[PDB]
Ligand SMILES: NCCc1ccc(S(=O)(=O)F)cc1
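Given next, in structure tokens, is a single chain: the form deposited without this ligand.
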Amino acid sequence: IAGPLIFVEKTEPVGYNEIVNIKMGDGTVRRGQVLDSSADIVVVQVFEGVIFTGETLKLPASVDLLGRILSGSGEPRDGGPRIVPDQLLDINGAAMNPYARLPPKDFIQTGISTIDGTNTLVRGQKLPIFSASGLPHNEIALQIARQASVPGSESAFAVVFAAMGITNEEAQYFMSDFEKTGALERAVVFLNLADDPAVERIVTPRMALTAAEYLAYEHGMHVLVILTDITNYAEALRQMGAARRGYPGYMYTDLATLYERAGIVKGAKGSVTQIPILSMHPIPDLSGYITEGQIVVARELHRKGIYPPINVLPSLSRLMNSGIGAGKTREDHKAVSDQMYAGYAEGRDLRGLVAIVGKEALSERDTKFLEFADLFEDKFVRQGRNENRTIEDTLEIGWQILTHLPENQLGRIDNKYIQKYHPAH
């Protein structure tokens, strides 16, 4: 009803509104009120002495997590045996602070040009996929899961895919796609089904993040966290206890408990990077999750039959400068990125000019820019479902379609880079 909202391990019968004490991993006890509970997990609303004192819900932490498929509670879903831990970690983020005071940094290679090329994802970043209902955002996100890597990083890489409020059909789809490609081998998957207890859905993200932190910090790994639907999560939030539409007031604080949990870790040798998926009667503000930019799925592109239907003009990466350039990608990266962006906007603008003046009333120059916005979409943006591009290959594509423009018309690439890189030099 008012939050903050922590997750306790239903160990003995609780009642609604019960005042309970929660004993943190720290050794300190926080007072709170029972909000709601499933059958194994209790949801408490904290405040800040012979009453119930409960244990904080914990993740069976282990390297053995990799290659396993679990439910929202982190209970085995693959037929495998239960998870033998060596670390029971407080799921609420409140036991370890793995996060260092360091800006997010190096390159993560998604294999997707409209990401790696112009909206580069950086290690320790939060970069959501802004989509809507009916677009292949899940297809994107699991392509990203099959393909992401950290070129030349001596820290190993892992992915934590978490899917919430999903159907049995699409459950079966992820499980098969993760196993038969091999992407599962380096991944811990948490699948919450639209069916499973509302509550279990809500811990799903805190389970996923907690895990990510374990691999990042205590095993020196780069972990990419992918969360299929933050709107599905919000919905679950608006159906807790007392709740006549709209969303709780503590939603905003709550989401912040999710998006505070990312970055480079103490010791610099690992990191947590987030790619939340934001889809779209109810009108959820998930604004706070968008502080480093966002990647944008455009129905327009979807309609022309373009996959992935990513629109770079609205897309953004605020930390892209920290992950590109010499010894990270290549020096011409900013240049190519800037020039394509500039050139695609121009050609996109000119599609309007066309339908004002008529096609034949366009200047030679303009027709080249109009033809480029085309080449950009068909050759750059379009990319197979299982087509993993090196940034090298992505930057080359950029250059190949930039050739279509007048060389005197590349005000974003210093002669330094045209001389060295341009396919006619």
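In this text, residue numbers run from 1 along the sequence as written.
Absent from the display: the form deposited with this ligand bound. The rest refers to it.
Partner proximity in the deposited bound form: residue 14 to this ligand, non-hydrogen atom cutoff 4.5 Å: Heavy-atom contact with this ligand at 4.5 Å: present for residue 14.
This ligand contact in the deposited bound form: residue 45, any heavy atom under 4.5 Å: Answer no; every heavy atom of residue 45 is more than 4.5 Å from this ligand in the deposited bound form.
Interface membership of residue 56, this ligand in the deposited bound form, 4.5 Å heavy atom rule: Judged by the heavy-atom cut-off of 4.5 Å, residue 56 is well away from this ligand in the deposited bound form.
Options 396-404, 360-368, 61-69, 33-41; stretch whose heavy atom lies within 4.5 Å of this ligand in the deposited bound form: So the stretch in question is 33-41.
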